[PDB]
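Here the structure comes first, spelled out in structure tokens, and everything after it is commentary.
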Amino acid sequence: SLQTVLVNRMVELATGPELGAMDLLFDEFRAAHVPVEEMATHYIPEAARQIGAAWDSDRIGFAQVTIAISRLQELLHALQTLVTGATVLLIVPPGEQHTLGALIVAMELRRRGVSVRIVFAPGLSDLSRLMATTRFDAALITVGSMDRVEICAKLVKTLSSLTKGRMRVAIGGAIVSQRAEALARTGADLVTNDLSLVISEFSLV
Ligand code: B12
Ligand SMILES: [Cl-]
Ligand SMILES: [Cl-]
Ligand SMILES: [Cl-]
């Protein structure tokens, strides 16, 4: 019962209208002696999915979703500061608003020994630095919604052009769970949310 009590308290403070929510959440969890890693890698993912399922069933509104995940995003940021050879480039495409999952991915990958650099909406000359050498062993793209899929295909195409097809590109996100075949048009080398498959297929360890 206890783990669901703790998640519900994470969700209740995240969704709640009253301020200071994540400072209060951090105090209560550490007073309960939940360590920082499992706050990061277990509770915040689990509370995020429970918030998502609460929206599926029309029990919380869009703005509650917006404030709760942005708060959990704020908490996850601070926890990863406290607790920390291949390198991947993790790209959040322009106008992609589902961003918590890529933070969870980067911390998972770093824990498995893969260095990650997270970039938001990189242009052609943002990318072109980072592909002019063999600096990154792969690029990773998150995609949350169908209206981002065309922008993701342009990213893969532009990544392919700045390297003549030699940059390996994996795609994950909330789209992959529902409709992974919708990203099969983008020309990525790999469409999965399984990080062990990304790691094995690109040989990142
Ligand atoms: C939270 C959420 C949002 C939040 C985002 C909060 C944030 N800052 O991150 C907000 C409120 C911004 C939001 C709004 C939108 N989103 Co929304 N919302 C959701 C919701 C409820 C949960 C998604 C979530 O956070 N899941 C939990 C996270 C942790 O999982 P994840 O993101 O999938 O990431 C995991 C995996 O995908 C994987 N992973 C992620 N990225 C990558 C990358 C790689 C390379 C790999 C290997 C793995 C990987 O690892 C992660 C952890 O396991 C879902 C519905 C649902 N899923 O139940 C939608 C959903 C994704 N949203 C959707 C939509 C449509 C939107 C909007 C684009 C438009 C709209 N009409 O709402 C807007 C954004 C633009 C706008 N505002 O106009 C749709 C997408 C389907 C579609 N397009 O038809 C969904 C599915 C809801 C729905 N059924 O309508 N959303
Ligand atoms: Cl601490
Ligand atoms: Cl939504
Ligand atoms: Cl980290």
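Going through the structure tokens in order, the chains are called A, B, and so on, while each chain numbers its residues from 1 and the ligands are numbered from 1 in the order shown.
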Quick one: residues within 12 Å of ligand 3, with only C-alpha atoms and all ligand atoms, as a count of residues only? 22
Which residues are near residue 41 (chain A)? Cut-off 12 Å, only C-alpha atoms, ignore same chain within fewer than 6 positions. Put them as a count of residues only. 23
List as number ranges by chain the protein and nucleic acid residues near region 129-132 of chain A, meaning an atom at most 9 Å away when only C-alpha atoms are counted, but skip any in the same chain fewer than 6 places from it. A: 89, 159, 162-163, 167
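The protein and nucleic acid residues lying at most 7 Å from region 184-198 of chain A are residues 152, 153, 156, 168, 169, 170, 171, 172, 173 and 176 of chain A, with only C-alpha atoms considered and sequence neighbours fewer than 6 positions away removed.
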With only C-alpha atoms and all ligand atoms counted and 12 Å as the cut-off, give the residues of chain A in contact with ligand 2, each with its shortest interatomic distance in Å and the pair that gives it, as a tab-separated table.
```
residue	atom	partner	partner_atom_place_in_ligand_line	distance
A:26	CA	ligand 2	1 (Cl)	8.9
A:27	CA	ligand 2	1 (Cl)	9.3
A:28	CA	ligand 2	1 (Cl)	11.6
A:29	CA	ligand 2	1 (Cl)	9.9
A:30	CA	ligand 2	1 (Cl)	6.9
A:31	CA	ligand 2	1 (Cl)	9.7
A:32	CA	ligand 2	1 (Cl)	11.5
A:33	CA	ligand 2	1 (Cl)	9.1
A:34	CA	ligand 2	1 (Cl)	9.5
A:35	CA	ligand 2	1 (Cl)	7.5
A:36	CA	ligand 2	1 (Cl)	6.7
A:37	CA	ligand 2	1 (Cl)	10.2
A:39	CA	ligand 2	1 (Cl)	10.9
A:78	CA	ligand 2	1 (Cl)	10.6
A:79	CA	ligand 2	1 (Cl)	8.6
A:80	CA	ligand 2	1 (Cl)	11.2
A:81	CA	ligand 2	1 (Cl)	10.8
A:82	CA	ligand 2	1 (Cl)	7.5
A:83	CA	ligand 2	1 (Cl)	9.2
```
Among listed residues A:50, A:133, A:160, A:115, nearest ligand 1 (using only C-alpha atoms and all ligand atoms):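 Closest candidate: A:50.
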Between atom 4 (C, counted along the ligand's line) of ligand 1 and CA of residue 99 (chain A), what is the distance, to one decimal in Å?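 Separation of atom 4 (C, counted along the ligand's line) of ligand 1 and CA of residue 99 (chain A): 7.9 Å.
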So the first atom is atom 7 (C, counted along the ligand's line) of ligand 1 and the second is CA of residue 150 (chain A); what is the distance between them in Å, to one decimal place? 20.0 Å
Extract the full set of strand (DSSP E) residues from region 44-103 of chain A according to DSSP on the backbone, and format it as a list in words. residues 86, 87, 88, 89, 90, 91 and 92 of chain A
From the set A:149, A:139, A:49, A:92, which residue has the shortest atom-to-atom contact distance to ligand 1, counting only C-alpha atoms and all ligand atoms?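 The answer is A:49, which sits nearest to ligand 1.
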Extract, using only C-alpha atoms, all DNA, RNA and protein residues at most 8 Å from residue 13 (chain A), discarding same-chain residues fewer than 2 positions from it, and format them as number ranges by chain. A: 9-11, 15-16, 21-22, 25, 68
Residues from last step as file, N, CA and C atoms, as a compact mmCIF listing (two decimals), in the first residue's frame:
```txt
# COMPACT_ATOMS: atom_id res chain seq x y z
N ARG A 9 0.64 10.98 -3.01
CA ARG A 9 1.09 12.24 -2.42
C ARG A 9 1.90 13.06 -3.42
N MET A 10 2.72 12.40 -4.23
CA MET A 10 3.39 13.10 -5.33
C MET A 10 2.38 13.70 -6.29
N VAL A 11 1.37 12.91 -6.68
CA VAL A 11 0.36 13.39 -7.62
C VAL A 11 -0.48 14.50 -6.98
N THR A 15 -0.58 18.12 -8.65
CA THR A 15 -1.81 18.62 -9.26
C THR A 15 -2.47 19.73 -8.46
N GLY A 16 -2.05 19.95 -7.21
CA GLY A 16 -2.76 20.84 -6.32
C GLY A 16 -2.54 22.30 -6.66
N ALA A 21 4.92 23.59 -4.15
CA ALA A 21 4.44 22.21 -4.09
C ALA A 21 5.60 21.22 -4.08
N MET A 22 6.66 21.51 -4.84
CA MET A 22 7.77 20.58 -4.97
C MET A 22 8.83 20.77 -3.90
N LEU A 25 7.14 18.76 -1.45
CA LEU A 25 7.26 17.35 -1.83
C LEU A 25 8.65 16.81 -1.51
N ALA A 68 1.15 20.09 -13.10
CA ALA A 68 1.67 18.95 -12.35
C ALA A 68 2.95 18.40 -12.97
```
I'd like the interatomic distance between CA of residue 116 (chain A) and atom 77 (N, counted along the ligand's line) of ligand 1, to a tenth of an Å.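 Interatomic distance, CA of residue 116 (chain A) to atom 77 (N, counted along the ligand's line) of ligand 1: 26.3 Å.
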Determine the nearest neighbour of residue 122 (chain A) from the options A:88, A:138, A:155, A:204, counting only C-alpha atoms. A:155
Please return as number ranges by chain: the residues of chain A that backbone DSSP assigns to alpha helix (DSSP H). A: 2-15, 21-31, 36-38, 44-56, 62-82, 100-111, 124-131, 149-161, 174-179, 195-201
